[PDB]
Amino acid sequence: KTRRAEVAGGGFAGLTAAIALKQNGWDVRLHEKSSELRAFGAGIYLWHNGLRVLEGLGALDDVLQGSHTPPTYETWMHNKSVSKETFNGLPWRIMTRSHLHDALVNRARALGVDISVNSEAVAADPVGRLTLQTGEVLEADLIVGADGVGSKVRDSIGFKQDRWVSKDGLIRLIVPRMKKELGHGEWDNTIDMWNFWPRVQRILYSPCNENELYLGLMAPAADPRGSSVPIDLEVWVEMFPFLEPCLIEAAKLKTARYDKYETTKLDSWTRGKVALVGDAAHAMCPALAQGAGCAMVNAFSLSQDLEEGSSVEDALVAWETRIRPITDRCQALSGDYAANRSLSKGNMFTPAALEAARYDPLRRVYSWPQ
């Protein structure tokens, strides 16, 4: 009598899906292919939409404790401040990835979500079957493909996919704030530090709390010094000398990686009893800082549509129809911003840019008007 769900992927999308379903009385098992539950990418921004998902998941308190809302989101071009934005009170937050992940994992475990590590999904059947790498076949009423950009769940079924890969990437790190050492300034702000001269180098400066600073060091792949890991300290200090104390700390991180990005748009997100959520369905450009935000909204919204008394297959179709346009629009605008380097101008968090952020998944309305 109890509905059973199998979720592939222990990232933000899968954990959100698992918690939301479990709260609604589903028996839920989650599979993570890695040997342990961990989140990579150093730091992350969430906004009102994702904070509302966290509220709905009962995971908000653990997130807000030990995370940070800057006094303002500031943009520089060539060390000149070009904008300071506060989004008319719209809630937002910066945190380490591990901080968000821990909150979600703790909540999943408190609810009794069955979590299997070293467990890899390699195929899904729309009739409600999930196959693991070992050969084990699991039957369920709902299968969730939350297994990231290279989703085997998705690819085992076959979806029409618009794929794009970025030639350029960035190096994302957590370092000590070194706040005292930074001297005079507004070092609690988000500061997006753009430059095109003398070279294309950018740092997104993102405090996570009183102890930890999230840095995104961005340079073209064709730049053999700026794209180097561990970081080429000299070329970063040269263009960002006011961050030297933090950059010296960053240079100690020998695990640093230069990560490129892909985007994904699919003809649909569903097939029978299989739903694709998160990057598996809709990986996007990071300009609007909404990749995980949309992923969490979508995973949460999936649980909502499964409460309507419909068959799982109909609920999944209804879910995509209801919730997908917010993501399609956000993904498109982020792509345009990225292609045009729009954020470099500052003042670009317009009402349209903030549309995904303004969405409240709990009440299903748009809040915090701009």
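C-alpha atoms forming the largest set that superposes within 1.5 Å between two forms make up the rigid core. Start at 1 and count along the sequence shown; that's the residue number.
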In terms of RMS C-alpha distance in 6 other deposited structures of this protein following rigid core superposition, 67-75 and 258-266 differ, and the farther one is 258-266
With the rigid core as the fit reference, the stretch showing the greater C-alpha departure in 6 other deposited structures of this protein, 231-239 or 157-165, is 157-165
Of 162-170 and 91-99, the stretch with the higher mean C-alpha B-factor in the deposited entry is 162-170
Higher avg CA temperature factor (302-310 vs 49-57, as deposited) belongs to 302-310
The largest CA temperature factor among 39, 44, 63, 330 is found at 39
Note to self: of 157, 266, 295, 276, the C-alpha temperature factor tops out at 157
By the entry's values, the third containing the CA B factor of residue 108 is the highest
Sorting the chain's modelled residues by C-alpha B-factor and splitting them into thirds places residue 254 in the highest
Chain-relative C-alpha B factor for residue 178 (record values, thirds): the middle
Here the Cα B-factor of residue 81, set against its chain, lands in the third termed lowest
Residue 291: C-alpha B-factor third of its chain, per the entry, is the lowest
